[PDB]
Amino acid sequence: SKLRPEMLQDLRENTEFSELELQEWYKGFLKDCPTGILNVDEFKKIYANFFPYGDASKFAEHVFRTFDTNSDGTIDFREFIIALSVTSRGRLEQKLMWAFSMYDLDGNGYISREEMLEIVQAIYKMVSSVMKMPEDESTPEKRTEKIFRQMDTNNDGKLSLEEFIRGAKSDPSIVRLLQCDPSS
């Protein structure tokens, strides 16, 4: 019912959750996923709460690939909570590291254009029914077109991690966030 003391400490180190929150998350996790393992179909049902199932499905699949760090087809409680912790309470630097690890489809250390386009397409499909887009990045190809041509510094047609991180920071939602840096 409850995390072992040895387990608990490993997760306090690798997440930004308190012990109480970890115990509460674990209980609730087993509550909702009795096997102790989340598979892809389950993960799609989670996303389907927030956006329509069919639409959200391909994005969900990519997220799952990334959460599933050992890459076996399921997510244990550890992979879940660590992924949750990073994405929801991580440093900005390490959020983008994780986002990069998602876009780099074949895990070679570079995002190719066709890797980018693919993710961007999935985000657009999930969202299509409910958010209405800017004007110039209001099509996956157009967007992928903006991103590369703002982020590919050395022009090899690939994004390195450092290119990725630097460029993301001129996203408006980051430009906003950064105005809240408590270093004033």
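Residue numbers here begin at 1 and follow the sequence given.
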query	finding
Higher-B stretch (mean Cα B-factor, as the entry records it), 146-154 or 116-124	146-154
90-98 versus 76-84 - greater average Cα B-factor per the deposited record	90-98
Top Cα B factor in the deposited entry, candidates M133, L30, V63, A56	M133
Ranked against its chain, the third holding the CA B-factor of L159	highest
Cα B factor band for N49 (lowest, middle or highest third within the chain)	lowest
B-factor third for the C-alpha atom of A168 within its chain	highest
